[PDB]
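For reference, the structure discussed in these notes is given below.
Cβ atoms come from the backbone with ideal geometry, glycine included; neighbour counts cover every protein chain shown. No lab work stands behind these numbers, since they all come straight from the coordinates.
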Amino acid sequence: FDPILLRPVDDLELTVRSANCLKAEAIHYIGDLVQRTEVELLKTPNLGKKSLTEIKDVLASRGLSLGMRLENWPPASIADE
């Protein structure tokens with residue numbers, strides 16, 4: 001599995017309006033991020049175009065795709081509590 005992917009958009013280390021705004025859209029995990037749709041996500045009253053280039057840079061910098069449903073998400077790398 002991809003580690004950055006398992007990471008939370010907030011801590012994904014992306015921009016401030018991209019990752020941050022991502023966790024505000026019920027997508028605190030970059031996994032769900034790629035498992036969504038930048039079409040409507042990049043049209044909210046708190047998004048932007050310069051952000052679509054980043055979110056896409058993550059969905060394309062890790063062999064991912066738009067709405068690319070991940071395997072059995074989330075992975076087993078989050079079972080400590």
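Across the stretch 29-38, computed HN-Hα scalar couplings (Karplus, 6.51 cos²θ - 1.76 cosθ + 1.60, θ = phi - 60°) run 10, 4, x, 4, 3, 4, 7, 9, 8, 5 Hz from first to last residue, x flagging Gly and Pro.
Between helix 49-61 and the chain there is an angle of about 30 degrees, using the helix long axis and the longest principal axis of the Cα atoms. For the chain, the Cα gyration tensor yields ellipsoid semi-axes of 20, 13, 11 Å (square root of five times each eigenvalue, largest first, whole Å). Placing unit charges on the Cβ atoms of the charged side chains and taking the dipole of the chain about its Cα centre, the candidate lying farthest along the positive direction among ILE4, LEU22, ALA79 is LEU22. Across the stretch 64-78, coupling constants 3J(HN,Hα) worked out from phi with the 6.51/-1.76/1.60 Karplus curve, θ = phi - 60°, read 10, 7, 5, x, 5, 3, 7, 4, 7, 7, x, x, 8, 8, 9 Hz, and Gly and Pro carry x. Highest average first, the peptides 72-79, 18-25 ordered by how many other beta carbon atoms sit within 10 Å of their residues are 18-25, 72-79.
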